[PDB]
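Observations on the three-dimensional arrangement
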Amino acid sequence: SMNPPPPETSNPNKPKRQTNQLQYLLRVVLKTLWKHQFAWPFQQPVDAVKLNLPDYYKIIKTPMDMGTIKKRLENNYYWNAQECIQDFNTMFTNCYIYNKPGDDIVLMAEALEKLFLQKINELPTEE
Ligand SMILES: COc1ccc(S(=O)(=O)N2CCCCC2)cc1NC(=O)c1[nH]c(C)c2c1CCCCC2=O
C-alpha cells in the first residue's frame with residue numbers, strides 16, 4: 001500500500017557524458033512534453049497513497065515518469081540516448097497497462113506519445 005521509492009536519478013558509479021542526442025532529449029523532447037497541456041499527470045511518480053490506488057504498484061513493476069526522466073537527464077544519468085527513449089516508452093506503456101480505452105488519462109497519454117514520436121523521429125545523428 002506504500003509507494004516504492006522513486007526510480008534512482010543518479011548512480012555515483014556510472015561514467016558521464018554530454019552528447020547532442022542527450023541534449024535533444026532534455027532540451028527538445030522532454031521540454032516540449034513538460035509544457036504540454038496534458039503533462040501534469042506524468043510530471044512525477046504516481047502517488048498511489050495520496051491518490052488511494054493500492055493496486056497501482058501491484059500491476060506496474062517498472063514505474064517511470066517525466067520528472068524522473070528530467071532529473072536523470074539533468075544529472076547525466078544516461079550515457080546512451082536509447083536508455084532515455086526506453087524510459088519514455090516505459091512511462092507510456094505503464095499508462096496503457098493500468099488504464100482502459102476511453103479513460104481521460106489514456107487520451108492524455110496518446111496525445112503526449114504522438115508528440116513524443118514526432119520529436120523523437122527528428123533525433124539528430126550520433127556525433
Ligand atoms: C485522479 O488522479 C489524479 C488526481 C490528482 C492529481 S494531482 O496532480 O493533483 N496530484 C499528483 C501528485 C500528488 C498530489 C495530487 C494527479 C492524479 N493522477 C495522476 O497524476 C496519474 N498519473 C498517471 C500516469 C495515472 C494517474 C492516476 C490515474 C490512474 C493511474 C495513472 O496511470
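Within every chain, numbering proceeds from 1 in written sequence order, not necessarily in step with the numbering of the entry, and residues without coordinates do not appear. For side-chain calculations, the full set of non-hydrogen atoms in the structure is used, while hydrogens and water are omitted. Residues with missing side-chain atoms are left out of burial classes, side-chain pairs and their counts.

- As recorded in the PDB header, X-ray crystallography is the method behind this entry, and the stated resolution is 1.5000 Å.

- The PDB entry lists the protein under the name Bromodomain-containing protein 4, with Homo sapiens as the source organism.
- According to its PDB record, this entry is titled "Crystal Structure of BRD4(1) bound to inhibitor BUX5 (11)".

1. A short note on the site of the ligand
- Definition of nearness: a residue and a molecule or strand are near each other if at least one heavy atom of the residue lies within 4 Å of the molecule or strand. Neighbouring the ligand are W40, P41, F42, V46, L51, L53, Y56, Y98, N99 and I105.
- Any N or O atom pair separated by 3.5 Å or less is treated as a polar contact, with the protein-specific requirement of one donor-capable and one acceptor-capable atom, and with residues adjacent in sequence counted only for side-chain atom pairs. Here a nitrogen atom of the ligand and a backbone polar atom of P41 are 2.9 Å apart.
- Note that accessible areas follow from Shrake-Rupley with a 1.4 Å probe, and for residues the cover is restricted to the protein chains shown. Out of a free accessible area of 650 Å², the ligand has 61% covered by protein chains.
- Looking at the shell around the ligand, its residues break down into 9 nonpolar, 1 polar and no charged. Each residue receives one of three labels: charged for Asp, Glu, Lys and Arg, nonpolar for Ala, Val, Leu, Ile, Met, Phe, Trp, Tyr, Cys and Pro, and polar for the others, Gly being one of them.

2. As for the packing of aromatic side chains
- Aromatic pairing here means that ring centres of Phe, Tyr or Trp (its six-membered ring) are within 6.5 Å. Orientation follows from the plane angle: under 30 degrees is stacked, over 60 is edge-to-face, and everything else is tilted. Tallied over the full model, the rule gives 5 aromatic pairs.
- Plain terms: the ring middles of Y56 and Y57 are 4.8 Å apart, the flat faces sit at 80 degrees to each other, and that makes the pair edge-to-face. Judged on exposure class, the residue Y56 and its partner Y57 are both buried.
- Through a chain of ring-to-ring contacts, three or more aromatic side chains come together here, namely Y56, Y57 and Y98.
- Look at NZ for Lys and CZ for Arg. If either is within 6 Å of the ring centre and within 35 degrees of the ring normal, a charge sits over the ring. Against the face of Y77 rests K14, its NZ or CZ located 4.8 Å from the ring centre.
- Directly above the aromatic system of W34 lies the positively charged group of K70, at a separation of 5.6 Å from the ring centroid. Using a 1.4 Å probe on the protein chains alone, a residue whose accessible area is under 20% of its type maximum counts as buried, one over 50% counts as exposed, and one in between counts as partly exposed.

3. So, the nonpolar core
- Counting residues in hydrophobic clusters, the biggest one holds 28 residues, and the most contacted among them are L25, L33, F42, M66, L73, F88 and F116.
- Elements are defined by DSSP. Helices are runs of H or I of four residues or more, strands are runs of E of two residues or more, and each kind is numbered from the N terminus. Elements that contribute at least two residues to this core include exactly α1 (20–34), α3 (66–74), α4 (81–98) and α5 (104–120).
- Setting aside anything within four residues of it in sequence, one finds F42 in contact with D65, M66, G67, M91, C95, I105, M108, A109 and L112.
- Nine residue types can take part in a nonpolar core, namely buried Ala, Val, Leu, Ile, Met, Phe, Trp, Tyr and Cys, and a core is a set of them joined through side-chain atoms within 4.5 Å. Formed by 5 residues, the second largest nonpolar core is a distinct cluster that contains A48, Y56, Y57 and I60. Contact definition: two residues touch when any of their heavy atoms are within 4.5 Å.

4. Observations regarding the packing of α1 against α4
- In this analysis, axes come from line fits to C-alpha atoms, helices being fitted only over the stretch in contact, and the angle between any two N-to-C directions falls in the range 0 to 180 degrees. The geometry of α1 relative to α4 is characterised by a closest axis approach of 9 Å and an angle of 25 degrees between their N-to-C directions. Regarding the angle of α1 to α4, the classification is roughly parallel. Listed contacts from α4 to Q21, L22, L25, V29, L30 and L33 of α1 are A81, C84, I85, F88 and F92.
- By residue class, the composition of the contact of α1 with α4 is 10 nonpolar, 1 polar and no charged. Put simply, angles under 35 degrees are roughly parallel, angles over 145 are roughly antiparallel, angles from 65 to 115 are roughly perpendicular, and the rest are oblique.

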